């Protein structure tokens, strides 16, 4: 909407207070004009029609329970925008400051979040498997990264290219979590998964097998569930990314870590310059090797570590 930029205050899903960029015109809207062509957050009102209604509030204070998922969707979309702009010089998901749209309160008891080709969508969870999923900064950044992938490599969401699509979202979701520097880790969704169980998450990048996902190409899922295992075989690539950043010895193969910033640079360049819609795991290795060569030189430690990491997970 047309109005004047304002700053509201509210509480997120985990009870933390934060300031949010809003727009005033009769009501205060969850419309952040300070980033690109805007960040816009919508109320789906427990239904499945999208996007729903642009979120309107009478007093620019967002402390109601019903407000909390909207506060976090809005705020963490902004953090993710900031990461891509400040770290990769990328302006929104299309590189041209496309408006970022999110809807919360999608359906009833909905234990997921997703990017629907046009916008981010967050369930509230059923209160047992999940609490409202926008409470996870890694979840929000995972979803917005699907938009980045759509506009760049375009990885088709099935089989190995789909597992790469998933891993790219987990990698940059995690790097956004570290960028914001609030309880960062290499696990996915820990802040919103199973409120009755401490210390678990949906997935682990540092040890995918902790939640049953493969950490070596020989253990890949080859059936048809989950679009050919896109949330399962992502563990193979997630483990390689973790090893590139942090190092380790895995199935007897040693990897010297080069840190998160260089991980991010290598995989951002691979995503935007070398990957294609049908890239498989072997082609991702080649793309990452070439990206590290572009950035650091053929004989660099960085290139050596990329090769060791893919060796360690059985990807040639």
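Positions refer to the first chain, counted from 1.
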As stated in the PDB record, which stretch has the larger average Cα B-factor, 133-141 or 223-231?
223-231
When mean C-alpha B-factors in the record are compared for 285-293 and 46-54, the larger belongs to 285-293
Scanning 149, 80, 128, 107 for peak Cα temperature factor in the entry gives 128
Kindly indicate the residue among 199, 123, 173, 189 with the greatest C-alpha B-factor in the PDB record.
199
Using the temperature factors of the C-alpha atoms in this entry, rank residue 253 within its chain: lowest, middle or highest third.
highest
Place residue 4 in the lowest, middle or highest third of its chain's C-alpha B-factors, as listed in the PDB entry.
middle
For residue 69, return the chain-relative third of its C-alpha B-factor as stated in the PDB record: lowest, middle or highest.
lowest
For residue 165, return the chain-relative third of its C-alpha B-factor as stated in the PDB record: lowest, middle or highest.
lowest
Ranked C-alpha temperature factor of residue 17 among modelled chain residues, by third:
middle
